[PDB]
There are 4 protein chains.
Amino acid sequence: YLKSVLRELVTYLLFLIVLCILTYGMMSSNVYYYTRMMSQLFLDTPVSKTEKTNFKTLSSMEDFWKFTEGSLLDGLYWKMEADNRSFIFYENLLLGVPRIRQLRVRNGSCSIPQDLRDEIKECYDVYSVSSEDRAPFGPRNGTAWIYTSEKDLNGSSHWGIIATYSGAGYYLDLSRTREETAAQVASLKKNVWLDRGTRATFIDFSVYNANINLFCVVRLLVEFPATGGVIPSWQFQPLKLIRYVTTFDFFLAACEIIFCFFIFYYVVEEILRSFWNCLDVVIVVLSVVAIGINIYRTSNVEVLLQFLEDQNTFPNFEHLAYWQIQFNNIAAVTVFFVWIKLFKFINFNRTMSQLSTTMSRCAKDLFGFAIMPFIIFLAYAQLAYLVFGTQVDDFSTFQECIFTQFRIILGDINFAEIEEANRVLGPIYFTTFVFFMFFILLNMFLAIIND
Amino acid sequence: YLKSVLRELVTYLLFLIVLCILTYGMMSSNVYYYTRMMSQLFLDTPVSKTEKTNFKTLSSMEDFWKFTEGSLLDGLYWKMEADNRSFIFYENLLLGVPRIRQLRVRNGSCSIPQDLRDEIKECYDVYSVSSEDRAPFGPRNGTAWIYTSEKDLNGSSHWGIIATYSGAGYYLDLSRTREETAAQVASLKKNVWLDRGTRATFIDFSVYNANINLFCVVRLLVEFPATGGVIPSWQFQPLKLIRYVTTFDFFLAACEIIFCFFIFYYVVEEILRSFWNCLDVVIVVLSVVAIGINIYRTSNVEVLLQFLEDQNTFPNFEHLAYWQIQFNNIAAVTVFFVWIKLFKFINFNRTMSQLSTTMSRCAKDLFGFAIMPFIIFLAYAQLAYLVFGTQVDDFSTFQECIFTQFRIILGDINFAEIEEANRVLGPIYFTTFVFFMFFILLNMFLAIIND
Amino acid sequence: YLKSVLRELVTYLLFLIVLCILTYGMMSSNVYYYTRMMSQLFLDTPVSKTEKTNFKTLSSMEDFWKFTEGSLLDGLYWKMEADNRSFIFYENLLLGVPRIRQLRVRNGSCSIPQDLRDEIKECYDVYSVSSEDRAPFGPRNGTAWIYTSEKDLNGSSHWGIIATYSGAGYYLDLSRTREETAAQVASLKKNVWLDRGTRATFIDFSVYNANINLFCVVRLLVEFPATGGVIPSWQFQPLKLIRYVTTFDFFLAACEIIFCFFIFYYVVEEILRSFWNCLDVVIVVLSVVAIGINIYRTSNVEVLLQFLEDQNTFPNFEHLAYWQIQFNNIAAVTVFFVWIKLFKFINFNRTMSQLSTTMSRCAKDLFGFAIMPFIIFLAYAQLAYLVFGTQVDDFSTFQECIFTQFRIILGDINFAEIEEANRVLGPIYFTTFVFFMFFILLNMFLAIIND
Amino acid sequence: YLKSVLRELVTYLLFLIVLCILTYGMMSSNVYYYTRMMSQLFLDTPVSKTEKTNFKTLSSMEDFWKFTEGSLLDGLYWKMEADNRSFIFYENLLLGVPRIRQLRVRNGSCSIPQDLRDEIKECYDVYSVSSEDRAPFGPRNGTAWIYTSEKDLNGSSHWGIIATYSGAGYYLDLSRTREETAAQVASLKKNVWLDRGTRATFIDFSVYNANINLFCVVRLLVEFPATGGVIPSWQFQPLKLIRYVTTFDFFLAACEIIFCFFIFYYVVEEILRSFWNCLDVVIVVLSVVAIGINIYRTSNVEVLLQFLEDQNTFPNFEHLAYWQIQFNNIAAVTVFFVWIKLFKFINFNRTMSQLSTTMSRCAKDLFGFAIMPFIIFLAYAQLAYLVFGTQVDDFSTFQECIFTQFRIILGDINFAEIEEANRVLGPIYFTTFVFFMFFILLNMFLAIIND
Ligand SMILES: *[C@@H]1O[C@H](CO)[C@@H](O)[C@H](O)[C@H]1NC(C)=O
Ligand SMILES: *[C@@H]1O[C@H](CO)[C@@H](O)[C@H](O)[C@H]1NC(C)=O
Ligand SMILES: *[C@@H]1O[C@H](CO)[C@@H](O)[C@H](O)[C@H]1NC(C)=O
Ligand SMILES: *[C@@H]1O[C@H](CO)[C@@H](O)[C@H](O)[C@H]1NC(C)=O
Ligand SMILES: *[C@@H]1O[C@H](CO)[C@@H](O)[C@H](O)[C@H]1NC(C)=O
Ligand SMILES: *[C@@H]1O[C@H](CO)[C@@H](O)[C@H](O)[C@H]1NC(C)=O
Ligand SMILES: *[C@@H]1O[C@H](CO)[C@@H](O)[C@H](O)[C@H]1NC(C)=O
Ligand SMILES: *[C@@H]1O[C@H](CO)[C@@H](O)[C@H](O)[C@H]1NC(C)=O
Ligand SMILES: *[C@@H]1O[C@H](CO)[C@@H](O)[C@H](O)[C@H]1NC(C)=O
Ligand SMILES: *[C@@H]1O[C@H](CO)[C@@H](O)[C@H](O)[C@H]1NC(C)=O
Ligand SMILES: *[C@@H]1O[C@H](CO)[C@@H](O)[C@H](O)[C@H]1NC(C)=O
Ligand SMILES: *[C@@H]1O[C@H](CO)[C@@H](O)[C@H](O)[C@H]1NC(C)=O
């Protein structure tokens, strides 16, 4: 039994570092600053030299146009090689051409209360597929004023903060040189390309680094709720498109192929309650998903080669970016669970044999104990979402309310804005919540001390 | 017994989601940003273009006048439809006309010490109903200089941060167009409409949004303590005045009527110690209060219809705003307790039968244990209020002192200003407090471990 | 026994609220903002209109002179009644005349290493009574350039942040009007009144409020370590000098006299281990000290009456301010202990009879348990003071190091500057400290669980 | 046995304060501000008068040159004695001459993917000893353009934040007067001395204070990752070079010599498991290392005397600085352990005899218990490093990830940027992590309660 356990043990052991190698391998070291520099160059810089606001600060259409005609242009251009080629920082190819896309909602999408109909001329509803405006508004001279479809326009429907956004919409592709772009943008500002009915806009472009080999894909996402104002959001994604430069990369490629053999091996083992079975399956399921993504999704790299043919177009990476994220997402989770699988054998046989007997024993009862606090914990969350959420960003969404309470329990708090929101309940809420939580838990010890 | 318990159970179950529907229904999703944009447009913007202060920063009369003649004007006007109609952000009707009101205290309200009487000419006491100045000061040409009564002037006495303020006072109603208003304001600054004896001022106006159907009521409240300086405060209240637009709204209306039947049903059940009885009554009491507010208070909507007749006046919503707050306040609390009522049945019968037996058992003793820390906890609070409260905002009020200590226990702290306040006791206070609290609790475990 | 205990009980009860009345009585409500406005007017305002620094920011002599010739002047003057009388905010008498005093250290106070003697001409040692420079430097035309003694110059030696400072030194008294003062200050800047050897400067003045009856005493304390630079510090003290205006004040006066009778009563009771005896004595001792301060120290009020004769001089309140602080300090502590005396009787007889038996029992052992962590806790404190304290303000002083660790345990942390200080030990220090502390305590439970 | 234990006890006792004296002695009091003033003068000041960025803010080459030609120059010069001698603050000798050094990487150090070779002309790899560029680029007129070796150029290879940096490189030594330096710097900017291939630059200079006797050594370290941008870092080190000024210093010198006798005494005692043996050895080992550093490393002081001959050169203290740090590092650790050695005797004999019996008993089992959380704690750390670390600075390095989680557990958190990084996993990560950690620990109590 021991040697058989030892075999599945050492097999697991090899499988460990192999994955650890891939992770450590597939992740370059200094990538962070590559983002941070990009981010600070765009997000963090004053909209205009005379302006005190960053991109994170944009409150208005005027704010937006300033930014577009502002640092964004200067952020995307340098002198400096073609000279149509502009190296960012001097170190970064601006890859292809940037693209701007917006969304628009129809006039009569909404309805005016009968009393104010004599007053109000028209309204514009919150964005929806139904409320989508496909009419060719404006001079209709270009894709800016001409509607297109996410089928026709290669792209993936994106999930925004207030709503999901279909890839389709009104878009425009920029120019190679800063001057030509400004000419385009000006017309887009001159003629009104941002009107009452424009809910969300996209600015997307890709950037390549030649020093280390990586691709920076940038999604600048600006929303315009029916309430007006501006909600800026951004995405900076590094990507490794070309897997082969160094032999070390080729060294990793063999590993992944070898890594596939392990999974192939474990899959057979899965054939036949149990908890660790329920645990082990999770590891395998995630594993398969990654590779499938890794191959028939990510290994495509068509758009690249397609872009490599003619580099004057827009190199849509949104999918490729989107997926490798999920890939990075999944793979990370696997490793996490991979470390967890360590316990069942090396610890249970000797060390935690005196623990698991207590651990798994109470683990059944722990379910019964933990029932009480959540309901209470959820109640405040629901309460706070009702009282607050019209006031404090932290309570804006019911989800974030839950998250906020953890920060509260851990001590991260903005108390002032709470008291500003409600001079009465908020303090009461804050106190009672914190108060009961301890008082609640202390009882649970006792019913645990029952044993 | 079980089926009878099952009936009161499923009955409770239906009553749950019905309320959940109403809450989820009566609360729109994106309302938060509607406030946030409004707030950031007023509270968060520089008083003047050359000025570095926000509305939250106002320290002086000069600060105030700048703000009034500053962003406030520009915040209330846009171009843009009448053109007397100015859409905020282009998306928001400025509803009716804004109104400014101030309070004033009589000359001899206070008394000078005999020694300095030769020095000081006059004083002005802290605001009170007695100290109220009803004399028609100044040119006496308008409501600005003419006192009016909260009976005559429709309004609700408001509860400020240092004091309650009667609705009566000296007020002025603005104009439709920004220019005419500035003319008014200038005269109010030219002639001195803010003098030694002006304790508190009000700026109130309402804003309607046509996209989603809502009303933003704004209370800008500025105080002037007898000590001078300025204490800014603000209120941004969304309101749903017209309950019927979508059929979904009509769907909710039937629910509330149906919802009333439940309460009517439970009221009869209340007829006849007990804790859960003491619990259940609370649910019912709050429930009734809400609906009464919901009907003969809020459903009035007279001022609206009154305003809808002639829109050039000031549409006082202060009550309507004030109440629906309380309504939102109460309803939220109900839901909270509604979730709590879950425990007594589903959990007690099976799961917490092994818990409630311990829970309710120690719940009696917990009262005896918890006595010790509060007295100690209160002592520091009272101590801190004596030592501090002349120094640190967090200790300014005895109430907030209590709240401050929680942040301290949870770790939210400004230590510097404390040490700045008192280089000696504060650190001692801070250390000892934190120190004993743990040391105190640890003992309480033992007397609990006694069982 | 019970009635006898009941008598000492109700006697204690009356004594409670009597003190509570005095405290609540002797403390006015809104005093806080009176300070806050004063503070924000001076500490918080830009040194110059073109300048971005506050008084808290001053790094240099130039910084200082700017401040003096800057906001300070404008902060002390308004238009506005005499007109030699300038009401601050229009609400506050500038009381008497402000005063500036500095300290100076002799040339050869220090000694140069023999190697650099050929290089360096002279040095100036850290401030000390020995290093004090009494020589009449400069043009010697005024108290600015003429040394005076704290005996001759009425004043109390003050305890600064790096050192205690004798009241004696070089001082100058300002003028009534802003213009005349600037003339003085300019000469003090024109001629060099701040030289290499000036360690510390004082700016002190008093301000009276006529609305509520109070006195604001302001100590602006600037230090110049031998290392150069500037360490600003400030003191804003409210004072109630005239105890009699309202009959309510007279109502309080009788109480304090009545309050004295209680102490007189308890003193006799003290005549005769015990803990509560050791407790009770503390209450009495502090009590006596307060009244003695209250009478033959504070009730003096001579300087006032002296100032009231001729108001053109400097009204030194430093003592009067200094003492009532200590008075407020002591009285607060008393109340704290007063609440503590509640336990021994009402709780011990019924409620905590089941607690004190455990409480006082383990209270002996708690001493033995708590020994271990302090030594460890102190060690890190001493360690951190060695590693840090040349880097992080929080560790600058060994005292503050201790305080810093509490914030760390409670979660208030600046981690960045720590890692900036030492990329190695700091993180190690931080981790290990936090780590052991929990690990340490958990053991202590067990030896407590021993019972 | 007791007297023998008493002898080793009192011997230890004397050894305690002797060290305490040395520490307290070897550390001057006010040193902190000496740094803080220096730091704030350089790190904290706007690059240019019109500029809003500090040295900590530098994002670019342009940023850098501005700083060099900016505050740095003004920070290093004052008027003021020679006049070639410029006293900083007027209180600080600029010691010798400052020095600037940079690093450079060869052209073909890296390799371009075959597809973009037609596009990209050249790349520059991340810094390495191999990638080092020793070619004499540029006009080759000076050490700026002429490569030198760390053998030839006296210096110690320094450990930077992204990489270790050999002392060798391209350097330049500044002038005595600000004007001459600017002439040098301009040429270095005029001609391009910062190119694509410059990874890291050094600015190093020393500053002496004559008031207290100390030396400030300044290392300004700027990095340029292959990704572009700028990573500023700084080091401000006080040093006591001349050990003899006051007799008190001579008093300390005898102590250290006497202090050596103790160690000499304890070394013999070490001759012969045990834990305290394992403890005691550590104390001795560290002790020896310090003195060896103290003598044949630090007591050298040659460069000083060498510099004292001719003061126009660059006084390299980098080693002397580097070592005394380690010295201060080690000595601090010793004291920490010195306090720890207290327990084994005074506490074990009487007080903790009732504790150590429990302490050391469970101390064996504690190892078994603590196994579970670390693996879990590490997992999140590894997970977070995979998910984050491309986004959040706090997760940038796997090491800092661990540190970040402590702040999270203690409550120090930036939640926003996390949610900004990943709208999904981050919140999930945050919640689950915090959630399990408590849930994990609670079980461990039970298996501990097993006893
Ligand atoms: C929107 O529809 C309303 C409804 O008749 C109409 O009055 C208004 O002119 C329309 N505006 C636009 C821009 O389509
Ligand atoms: C559409 O018409 C406008 C009106 O002159 C013109 O400025 C714009 O360039 C036209 N668009 C295109 C794509 O030609
Ligand atoms: C989508 O990709 C195809 C592939 O050649 C291309 O022809 C087409 O123009 C693309 N459509 C876009 C980018 O909207
Ligand atoms: C206020 O009353 C005092 C008391 O006589 C008087 O001297 C002063 O002129 C009055 N001022 C005003 C503005 O009423
Ligand atoms: C009151 O008189 C002043 C003095 O000219 C004048 O400016 C103001 O307009 C008058 N008020 C009204 C309401 O007419
Ligand atoms: C109060 O409301 C009534 C209702 O018509 C109106 O006539 C009156 O002018 C109002 N008073 C105010 C707004 O002061
Ligand atoms: C200080 O004393 C030194 C010692 O001789 C002397 O050289 C220097 O001139 C003196 N300076 C002043 C200002 O007294
Ligand atoms: C001292 O002499 C200077 C030199 O002119 C003069 O400016 C100053 O006013 C004099 N001081 C006094 C108090 O007269
Ligand atoms: C101290 O007070 C006495 C009291 O009259 C006064 O004569 C003297 O001038 C004062 N000395 C000062 C303020 O330096
Ligand atoms: C770098 O090497 C490449 C490879 O041939 C060459 O094309 C380029 O001109 C070189 N540039 C420099 C600055 O050495
Ligand atoms: C190297 O040549 C340049 C070109 O004129 C000159 O400016 C520079 O001063 C020279 N360097 C030295 C050290 O002479
Ligand atoms: C290293 O020190 C020696 C000692 O005299 C000196 O001659 C040489 O110039 C120094 N080299 C440097 C500072 O690069």
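Heads up, chain D uses Swiss-Prot numbers, so what you see runs 216-295, 302-493, 504-682.
Per deposition record, electron microscopy, 3.5 Å.
Backbone N, Cα and C define each Cβ position, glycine as well.
Taking all protein chains in view, 21 other C-beta atoms sit within 10 angstroms of the C-beta of D:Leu641 (Ca(2+) 1 binding site). Residues or ranges marked as Ca(2+) 1 binding site in Swiss-Prot: D:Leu641.
Counting only residues at least six positions away in the same chain, the Cβ atoms of D:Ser330, D:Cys331, D:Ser332, D:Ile333 sit under 8 Å from the Cβ of D:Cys344 (disulfide bond). Annotated disulfide bond per Swiss-Prot: D:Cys331-D:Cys344, in sequence order, evidence recorded as experimental evidence.
For D:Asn305 (N-linked glycosylation site), the number of other Cβ atoms no farther than 10 Å from its own Cβ, over all displayed protein chains, is 10. Taken residue by residue with DSSP, D:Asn305 (N-linked glycosylation site) is part of neither helix nor strand, so it is coil. According to Swiss-Prot, the feature N-linked glycosylation site maps to D:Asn305 (among others), an assignment based on experimental evidence.
Following the DSSP three-state reduction, the secondary structure of D:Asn328 (N-linked glycosylation site) is helix. If you look up Swiss-Prot, you'll see D:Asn328 (among others) marked as N-linked glycosylation site.
Residues or ranges marked as N-linked glycosylation site by Swiss-Prot on the basis of experimental evidence: D:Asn362 (among others). Reduced to three states, the DSSP call for D:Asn362 (N-linked glycosylation site) is coil. On its own chain, D:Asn362 (N-linked glycosylation site) has no residue at least 6 apart in sequence with a Cβ closer than 8 Å to its own Cβ.
When secondary structure is read from DSSP and collapsed to three states, D:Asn375 (N-linked glycosylation site) falls in the coil class. Cβ neighbours of D:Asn375 (N-linked glycosylation site) (same chain, under 8 Å, six or more residues apart in sequence): D:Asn547. Residues or ranges marked as N-linked glycosylation site in Swiss-Prot: D:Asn375 (among others).
With a threshold of 8 Å between CB atoms, the same-chain residues lying at least 6 positions outside the intramembrane segment (D:632-646) that come near it are 608-609, 611-613, 615-616, 619-620, 623, 625-626, 661, 664-665, 668. The intramembrane segment annotation in Swiss-Prot covers D:632-646.
Feature annotation from Swiss-Prot assigns topological domain 'Extracellular' to D:527-552 (among others); the stated evidence is experimental evidence.
Annotation source Swiss-Prot lists topological domain 'Cytoplasmic' at D:574-597. Long-range contacts of the topological domain 'Cytoplasmic' (D:574-597) within its own chain (CB-CB distance under 8 A, at least 6 residues past either end) are made by residues 220, 223-224, 227, 507, 510, 679, 682.
Among residues of the same chain six or more beyond the topological domain 'Extracellular' (D:620-631), those with a C-beta under 8 A of the stretch's C-beta atoms are 612-613, 638, 645, 648-649, 651-653. The topological domain 'Extracellular' annotation in Swiss-Prot covers D:620-631 (among others), and the record cites experimental evidence as its basis.
Residues 618-619, 622-623, 660-661 of the same chain, all 6+ positions outside the topological domain 'Extracellular' (D:647-654), place their C-beta atoms under 8 angstroms from a C-beta of that stretch. Look at Swiss-Prot and you will find D:647-654 (among others) tagged as topological domain 'Extracellular', backed by experimental evidence.
Note: D:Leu641, taken in sequence order from the recorded positions D:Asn305, D:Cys344, D:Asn362, D:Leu641, have a C-beta within a distance under 8 Å of a chain C C-beta. Across the 6-residue gap left unmodelled in the deposited entry, the distance from the Cα of D:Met295 to the Cα of D:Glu302 comes to 5 Å. Through the fold, the topological domain 'Extracellular' (D:527-552) approaches residues 316-320, 375-377, 379, 388, 394, 397, 425-427, 436, 438, 440, 456, 458, 460, 462, 558 of its own chain, all at least 6 residues removed from its boundaries and within a Cβ separation under 8 Å. With a cut-off of under 6 Å between the Cβ and any atom of ligand 12, the recorded positions D:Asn328, D:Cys331, D:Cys344, D:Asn375, D:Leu641 reduce to D:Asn375. The number of other CB atoms found within 10 A of the CB of D:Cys331 (disulfide bond), across every protein chain shown, is 20.
Shown for the topological domain 'Extracellular' (D:647-654): DSSP residue counts in helix, strand and coil, namely 6 helix, 0 strand, 2 coil.
Residue pair D:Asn328 (N-linked glycosylation site) / D:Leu641 (Ca(2+) 1 binding site) shows a Cα separation of 47 Å. Cα spacing between D:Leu641 (Ca(2+) 1 binding site) and D:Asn305 (N-linked glycosylation site): 53 Å, rounded to the nearest whole number.
D:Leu493 and D:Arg504 bracket a stretch of 10 residues that the deposited model omits, and the distance between their Cα atoms is 10 Å. Cβ neighbour count for D:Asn328 (N-linked glycosylation site) (all protein chains, 10 Å cutoff from its Cβ): 15.
Less than 8 angstroms from a Cβ of chain B: among the recorded positions D:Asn305, D:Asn328, D:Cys344, D:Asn375, that describes none of them. Taking 8 Å as the upper bound (exclusive) on CB-CB distance to chain A, the glycosylation sites D:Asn305, D:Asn328, D:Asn362, D:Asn375 give none. Among the recorded positions D:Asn328, D:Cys331, D:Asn375, the ones whose Cβ sits under 6 Å from an atom of ligand 10 are, in sequence order, D:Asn328. For the topological domain 'Cytoplasmic' (D:574-597), residue counts in helix, strand and coil come to 23 helix, 0 strand, 1 coil, using DSSP.
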